[PDB]
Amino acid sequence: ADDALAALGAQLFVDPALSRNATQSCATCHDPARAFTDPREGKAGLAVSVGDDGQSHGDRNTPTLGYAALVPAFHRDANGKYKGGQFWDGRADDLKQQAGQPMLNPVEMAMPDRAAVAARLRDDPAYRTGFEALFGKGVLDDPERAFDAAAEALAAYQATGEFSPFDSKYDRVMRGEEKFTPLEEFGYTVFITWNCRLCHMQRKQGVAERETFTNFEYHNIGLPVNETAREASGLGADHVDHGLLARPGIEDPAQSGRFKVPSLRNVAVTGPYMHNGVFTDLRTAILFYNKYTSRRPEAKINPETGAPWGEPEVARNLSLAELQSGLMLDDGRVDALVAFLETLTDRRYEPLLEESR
């Protein structure tokens, strides 16, 4: 039955009939050949994705669905912090609640309402058979039931081993099947002793059963606006992306500009980087953190542009206690971190590591 639910989800996931002009499935933006991210070029490069209508652009980068099923449902943790949920701003409580949204979003799949989704599902005899077997007779003739059911199937599909195989080099080493290279080992050591570990490890102490290199908390690391992406989204030059504060029920201005810590799994292959795709190269995302610790002139410069990084989109609520570590990564340690993070690439994407590396 769990099998059966996921297997239905698997069908929906690549079905373009869930988009208004039938051009677009979940898998168009979350492409399995690219660690469930969007390889397609748009007006802002690969920063933001283009919807079913062929011209609406989003304002955020399409994230991977790999390991998304390890993320807890939105809640407040034992230390009193918000944690978990789905979307870069956590506005969806969980995968089930997220899945319906791209379907109805006019900048994405653009179905006009739930009824229209139910009608598309009805048209397919396989869905009538598959859904009714799991949910009961007539599930597809009631729009809300059908919509909820489709969302559960997709959420189940995303919780299968396919999305979270734990077969990266890192997993192999931790299992004792092989060893890191010297450089990889140096990256591992640097990652766990430097500030990265305060945010990009599941646990504050002890060992995770299924590590996904994020604590699922929300942080403002003081990123600039991605000009070309913001342009393409049409939200307006004076728009401000408030992150977590956009979640309904969050009102506290202290949450403005904070985003969910992303799993670093497959990070080497899911460029460009950050919630707005502002940085093309992984090395650059690493270097960004030096702006808070290095004294030297070059730390203020984005090496992709040759100009200063830019002022934070949201200048308040920066995680300064964590970011201002008092230590700057030299080029050796940046190389080591790049080497370590490549070890977090799932086995099937290892050939993608080039891209000439």
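For clarity, a rigid core is taken as the largest C-alpha set superposing within 1.5 Å between two forms. The numbering used is simple: start at 1 and walk along the sequence shown.
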| property | result |
| --- | --- |
| Divergent stretch in 4 other deposited structures of this protein, 186-194 or 69-77 [C-alpha RMS, superposed by the core] | 69-77 |
| Positional deviation of Cα atoms in 4 other deposited structures of this protein after core superposition, greater for 272-280 or 80-88 | 80-88 |
| Residue stretch of maximal mean CA temperature factor, 151-159 vs 123-131 | 123-131 |
| Selected stretch [higher average CA B-factor]: 234-242 or 183-191 | 234-242 |
| Top residue by Cα temperature factor, when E144, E211, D94, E227 are compared in the entry | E227 |
| Out of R175, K260, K81, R197, highest CA B-factor residue | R175 |
| Chain third (lowest, middle, highest) by recorded CA B-factor, residue given as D89 | lowest |
| Position of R60 among the chain's modelled residues by C-alpha B-factor, lowest, middle or highest third | lowest |
| Chain thirds of CA B-factor: placement of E251 | highest |
| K169 - which third its CA temperature factor falls in, relative to the rest of the chain | highest |
| Assigned third (lowest, middle, highest) for the C-alpha B factor of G100 | middle |
